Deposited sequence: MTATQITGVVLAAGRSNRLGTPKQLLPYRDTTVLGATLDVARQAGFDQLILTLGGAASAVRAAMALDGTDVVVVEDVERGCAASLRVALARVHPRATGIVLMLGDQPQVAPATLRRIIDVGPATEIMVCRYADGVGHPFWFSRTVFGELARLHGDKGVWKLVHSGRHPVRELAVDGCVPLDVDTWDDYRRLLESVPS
């Protein structure tokens, strides 16, 4: 097998004032808990993208086993384009995860890994809409590499130009963690 996961962790933390990647969560950090889950899922390769907090994250975390990709501020796309350059040629696609969503269950990752490769694009259907993890087939890599500005991944998984398949998952769309109120809500869970 060659199963490749990408975890994007390049978001800026202007609203927080400290890297969201490094916020405490359980006994680890927000990003750490996401990487712990992903490592449980049985990926053969894991690619992590980092942004302006790369220095801070690199100096604070053990990133052994991860292919780490560092990008410079594009103002929000370039993280993914450069992550793809690291993908193993024998991978038939990527599972895409966000670094600030540590609440995704490993069993949801094993499901998308199992059935995802028979789709061009797969998203998860939660009770309250569409969310990560996504699957993208290698046939969409070129398109992913051409994303820019507002024409990003989110808009792509909503396009009728590709056959986007859905995986039904119990629960709610993972909490994105950009504000302090988002973090508080995350800590108030489980």
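Tell me, which runs of residues in the deposited sequence have no coordinates at all? Coordinates drop out over 1 to 3, 80 to 81, 196 to 197.
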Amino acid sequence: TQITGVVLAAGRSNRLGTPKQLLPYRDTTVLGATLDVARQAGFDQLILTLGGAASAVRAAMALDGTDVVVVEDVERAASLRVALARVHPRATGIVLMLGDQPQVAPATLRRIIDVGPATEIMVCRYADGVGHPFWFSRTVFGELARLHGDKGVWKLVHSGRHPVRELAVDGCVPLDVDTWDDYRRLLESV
From here on, numbers count along this sequence of modelled residues.
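Mean CA temperature factor from the deposited coordinates, higher in 20 to 28 or in 169 to 177? Result: 169 to 177.
Mean CA B-factor: is it higher for 77 to 85 or for 93 to 101? Between 77 to 85 and 93 to 101, it is 77 to 85.
Largest Cα B-factor, entry values, listed residues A145, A53, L48, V157: So the option with the highest C-alpha B-factor is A53.
From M122, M61, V140, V37, can you pick the one with the highest C-alpha B factor in the entry? Answer, based on the entry's C-alpha B-factors: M61.
Taking the C-alpha B-factors as the PDB entry records them, is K151 in the lowest, middle or highest third of its chain? Highest third - that is where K151 ends up once the chain's C-alpha B-factors are sorted.
Quick one: classify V69 as lowest, middle or highest third of the chain based on its Cα B-factor. Middle third, going by the recorded CA B-factors of the chain.
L187 CA temperature factor, ranked by third within the chain: For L187, the deposited C-alpha B-factor lands in the highest third.
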